[PDB]
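Student: Chains as they are written, first to last, in full-length UniProt numbering: chain W, 889 to 1070, 1082 to 1132; chain X, 889 to 1070, 1082 to 1132; chain E, 459 to 655, 664 to 720; chain U, 459 to 655, 664 to 720.
We treat Cβ as the ideally placed atom computed from N, Cα and C, and that holds for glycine.
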Amino acid sequence: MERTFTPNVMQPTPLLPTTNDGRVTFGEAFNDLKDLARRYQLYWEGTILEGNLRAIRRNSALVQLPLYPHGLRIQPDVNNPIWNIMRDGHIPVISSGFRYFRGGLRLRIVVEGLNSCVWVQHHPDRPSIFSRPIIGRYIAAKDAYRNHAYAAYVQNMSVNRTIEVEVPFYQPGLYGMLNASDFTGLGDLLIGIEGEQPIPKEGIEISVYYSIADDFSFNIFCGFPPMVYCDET
Amino acid sequence: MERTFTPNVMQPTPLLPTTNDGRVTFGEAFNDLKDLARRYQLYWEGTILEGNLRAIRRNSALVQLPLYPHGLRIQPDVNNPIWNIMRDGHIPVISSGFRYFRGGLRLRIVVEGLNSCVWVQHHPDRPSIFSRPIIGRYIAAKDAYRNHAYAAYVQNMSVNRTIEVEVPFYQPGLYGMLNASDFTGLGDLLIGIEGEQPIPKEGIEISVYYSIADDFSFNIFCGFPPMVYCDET
Amino acid sequence: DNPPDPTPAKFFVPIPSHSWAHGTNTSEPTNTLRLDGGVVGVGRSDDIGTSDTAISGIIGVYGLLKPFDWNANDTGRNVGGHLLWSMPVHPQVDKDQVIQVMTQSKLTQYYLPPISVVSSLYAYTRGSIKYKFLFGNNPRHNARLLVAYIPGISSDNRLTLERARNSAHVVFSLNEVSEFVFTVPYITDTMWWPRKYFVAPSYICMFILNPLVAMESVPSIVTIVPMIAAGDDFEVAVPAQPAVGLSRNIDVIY
Amino acid sequence: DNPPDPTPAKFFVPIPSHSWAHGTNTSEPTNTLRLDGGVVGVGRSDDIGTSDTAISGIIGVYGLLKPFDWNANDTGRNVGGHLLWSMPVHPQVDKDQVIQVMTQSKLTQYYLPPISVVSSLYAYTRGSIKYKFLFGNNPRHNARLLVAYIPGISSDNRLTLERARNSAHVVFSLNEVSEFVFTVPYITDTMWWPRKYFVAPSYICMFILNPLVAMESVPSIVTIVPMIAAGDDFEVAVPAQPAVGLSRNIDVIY
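#1: How would you call residue 550/U, buried or exposed, if buried means at least 16 neighbouring beta carbons within 10 angstroms?
#2: Buried or exposed: residue 1121/W, going by 16 or more other Cβ atoms within 10 Å of its Cβ?
#3: Say whether chain X places a C-beta atom closer than 8 Å to the C-beta of residue 489/E.
#4: Taking just the CA atoms, how far does residue 602/E sit from residue 676/E?
#5: Can you confirm whether residue 977/X, when its beta carbon is compared against all beta carbons of chain U, has any partner nearer than 8 Å?
#6: For residue 679/E, count neighbouring C-beta atoms within 10 Å of its own C-beta (all shown protein chains included) and say buried if the count is 16 or more, exposed if not.
#7: I'd like to know if residue 460/E contacts chain U, where contact means its C-beta is closer than 8 Å to some C-beta of that chain.
#8: Enumerated in chain order, which unbroken segments of the beta strand (DSSP E) with a length of 3 residues or greater are wholly contained in the region 959-995 of chain X?
#9: Residue 928/W: buried (16+ other C-beta within 10 angstroms of its C-beta) or exposed?
#10: For the region 891-922 of chain W, enumerate the residues whose C-beta is nearer than 7 Å to any C-beta of chain U, in chain order.
#11: Quick one, which residues of the region 1100-1126 of chain W are near chain X if we go by CB-CB under 7 Å, in chain order?
#12: For residue 1030/X, which three-state DSSP category applies?
#13: Measure the alpha-carbon distance for residue 613/U versus residue 637/U and round it to whole angstroms.
#14: Can you check DSSP and say which residues form a bridge with residue 928/X?
#15: Among 1047/X, 1054/X, 1029/X and 1045/X, which one has its Cα closest to the Cα of residue 1039/X?
#16: Would you verify that the beta carbon of residue 475/E is, or is not, closer than 8 Å to some beta carbon of chain W?
#17: Decide if residue 504/E is buried, meaning its Cβ has at least 16 other Cβ atoms within 10 Å, or exposed.
#18: Indicate whether at least one CB of chain E lies closer than 8 Å to the CB of residue 1090/X.
#19: Using only the alpha-carbon positions, how far apart do residue 570/E and residue 989/X sit?
#20: Can you pull the chain X neighbours of residue 1028/W, defined as C-beta to C-beta under 7 Å?
#21: Under 8 Å, Cβ to Cβ, is there at least one residue of chain X near residue 666/E?
#22: Across which residues does DSSP place residue 545/E in a beta bridge pair?
#23: Output yes if chain E places a C-beta closer than 8 Å to the C-beta of residue 962/X; else output no.
#24: Three-state secondary structure (DSSP) at residue 1129/W?
#25: Write down every uninterrupted run of the beta strand (DSSP E) in the region 893-948 of chain X whose length is 3 residues or greater and which is fully enclosed by it, in chain order.
#26: Alpha carbon to alpha carbon, how far is residue 517/E from residue 627/E?
#27: Taking buried to mean at least 16 other C-beta atoms within 10 Å of its own C-beta, is residue 907/X buried or exposed?
#28: In chain W, which residues lie less than 8 Å from residue 649/U when you measure between Cβ atoms?
#29: Give me the chain W residues within the contact set of residue 478/E, using Cβ-Cβ distance strictly less than 9 Å, ordered along the chain.
#30: On the criterion of 16 or more Cβ atoms from any shown chain inside 10 Å, does residue 944/X qualify as buried, or is it exposed?
#31: Would you kindly report the start and end of the unbroken beta strand (DSSP E) that includes residue 954/X?
#32: Are there any heavy atoms of the ligand NAD lying less than 7 Å away from the beta-carbon of residue 1045/X, as far as the coordinates show?
#33: Compute the Euclidean distance between the alpha carbons of residue 903/W and residue 698/U, then round it to the nearest angstrom.
#34: On the DSSP bridge list, what partners appear for residue 600/U?
#35: Count the C-beta pairs between the region 1016-1025 of chain X and the region 957-968 of chain X that are closer than 8 Å, then say yes if the count reaches three, no if not.
#36: Less than 8 Å between CB atoms is the rule here; does residue 984/X satisfy it with respect to chain E?
See the structure below:
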């Protein structure tokens, strides 16, 4: 096989004795990228103001966020300097090397400001038109309010501030496509308020973090794209 | 039997191989409407103001809500655009195909605003005159305050905001009637405050969600009524 | 004795309620309103059957579609090759072949077959469909029809009889036969096909092969009633926003 | 009966969520959005392999480094001892021997071999590296090269051929041989060596031993393509801030 082929090997010394992937000196074995990809990382972080929401703005969406196992497309503005100096996370970088996937994501949505009953809902097949989220008044007529019978979840920001949910993989096809260009992905995730708590005069600060589920798998290893060093920022 | 009767079948190909109702490709089997009908959906969502409540308004009803396994009658006003563009839920649609039922509902009452000790109570036989709820001052003399010895429940909106209760099926008859016209149904559900916390100058926003219990069953399948497509709104 | 219990305090993550999505294969902590406490349910007998909601039994029942006519005395439309009727094949029947009741300023009410209501409750669906055609005629009429199933076609633009005979089809002769079922295959590049209310995966069409005959003693019009039910292998997939609401209240705010 | 349950109330310490760091060897309480409730996963078969992410398989693949020329007709640089190519040895290849694509005001895009992407995801790393050199030539060229591995050197300041022959090295003769792999040892006072993007633990260099020959009938330039993959014993250590981002969006705010 041409990728791993090694002709005429000239090796001066023996090979180095093994630590069982670090289990000898540390306690754990770092043998796999799928375990590194299950440590949570930031996904999208935004603010939402009154007045760029709906007119009536009782139980409505605040964000429809597209679920991609690679990241959303990043733009490194001056508001969140994360996306600027840290570039992408470890998950978009691991993901850019594989072609397909099959499996779900885990999310952690931390929506505060607001401190009322907030809700989340997964539309497994309404994909996949764009690489940004859509805020408030710009989400389309039929993604505006909650729907009936889509898998959803509800939480009082008074009891607890963090919603942690796991999105299933519901698709007709064999794979979902990593590195899509722009029914390929995991569909949409809608986040929204449950009935018109008055909004603080600055912001509802939402931030989504994500990871890989347990049954998730990266599937066909082609190359990595060209990278950019973070220390050059 | 004339409903399923198939005379002179001409079939060009073999039948398609089975996925065990989706269990091959997804993880779960969607073989039954009774399982879809146990995912919660919205039931009634309203607001209640001071001044359309009682005169003395210490521990009183705020709503007497009639328990129907089909929905309440919907009216699609501009306040909650849910009932407008989403029409009914999956439960009123599943229910319109069956004639009877026998079993209870599960509810989730999220009453906030107010943040004081709120209470719920089931009147298994005081049915069933109307398809709307009745707010505040309009509930009748003997459904006004709490009663003694009806199954009831109490909760501080300070500790937790969500009351989840399960209503039993208490009737003399064999069945309860789905698709009633207007002792047929599950009786009444009364929701009320426990002693005159001052009410915020706008609203106590109550919303009830419901589902089917475990012992619940739809019973005689006749047709479905004529429907209306939601995408035409 | 009052011995001390020093065992460390465990962590725990507070949440306001249980799962809103789960419908099966689990328990649900809840506060029941009973005098009893315990896992209790309402009694049953044979007077009250079991729940009838198993999907395959609901979707096995035929619903009815818009009927249509041959006019055997029509010299124009009664010929070799003229196509009578056709429609894309998917469980939700196309809005124009359903019986509708239209109101001014209200919503249009469609009569959907039981397969079309069930398929509106789910996001994907697959498997064969049965089309039972039901002819109003008597022993004196006669004809032959070719009913073909074209995979991967949206509309009839390029569709003629001479082409339709190149796909799966059935030739039926209505000579003292009043009903026949045509179980259309399911041929698609994917395993589940998404709902429609999109394009349908395939198409179905019905051509006159031998035109209709009849006499001076017999009615010249033959009415056909198409009816549709799910096959034996038909399956639905992921619960979604129902495409249809009830008509109990048809008022709508644009 | 309603007996009282007087058992003492245990302590418990509230926290908003579960572990943000843990990725393996544990369960994760979570609210899944399924109709089902239970430990459930998406189906698989052979159509869909297992996950391919096991590190040793990803890092076994060669990535390519900047190629470079002998000019056999060059009388200056083609001599006994002239050193062709060299670089510090560590998994992240040095920024100047990678193929770069530079843009005005944007970030520079580097093509990193698969070992160099993996090694950017971890904080420490150790084990041997393979350097496969690939010569564009035909049976008529000939030369010998000495490729030495100098432990504990940063740059070539004090490096000559007469010194490089005192370390581990391999003498290779390109006489109808087009590829050879040089598995460099790993010699370091410590067990794990930290990432670079620091100094590299060692250095590698390649001297002409017998100069290149060729004729009037054959091209005089021989291009060499260096390629790098991890050895059999190579291992990574502690997940860290990735040294590299993706180039999907290369805009940067200074």
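Tutor: Here's the rundown:
#1: buried
#2: exposed
#3: Interface residue, yes.
#4: 5 Å
#5: The beta carbon of residue 977/X sits no closer than 8 Å to any beta carbon of chain U.
#6: exposed
#7: no
#8: none
#9: Residue 928/W is buried by the Cβ-count criterion.
#10: 891, 892, 894, 895, 896, 897, 898, 899, 900, 901, 903, 904, 906, 907, 909, 910, 913, 918, 919, 920, 921 and 922
#11: Within the region 1100-1126 of chain W, no residue has a Cβ that lies closer than 7 Å to any Cβ of chain X.
#12: Assignment of residue 1030/X by DSSP, reduced to helix, strand and coil, places it in the coil class.
#13: 26 Å
#14: Answer is none; residue 928/X lacks a bridge partner.
#15: 1054/X
#16: Contact with chain W is found for residue 475/E, since one of that chain's Cβ atoms lies less than 8 Å from the residue's Cβ.
#17: exposed
#18: Not a single CB atom of chain E sits nearer than 8 Å to the CB of residue 1090/X.
#19: 23 Å
#20: By Cβ distance, chain X contributes nothing, its closest Cβ being about 11 Å from residue 1028/W, past 7 Å.
#21: By this cut-off, residue 666/E is not an interface position.
#22: 670/E
#23: yes
#24: helix
#25: Listed in chain order, the complete beta strand (DSSP E) runs (minimum 3 residues) inside the region 893-948 of chain X are 929-936.
#26: 24 Å
#27: buried
#28: 907 and 913
#29: 1007, 1039, 1040, 1041 and 1042
#30: Residue 944/X comes out exposed.
#31: 951-954 is the extent of the beta strand (DSSP E) around residue 954/X.
#32: The ligand NAD is absent from the structure shown, which contains no ligands of any kind.
#33: So the alpha carbons of these two residues sit roughly 8 Å apart.
#34: Answer is 679/U, bridged to residue 600/U.
#35: The region 957-968 of chain X and the region 1016-1025 of chain X touch, with three or more beta-carbon pairs separated by less than 8 Å.
#36: yes
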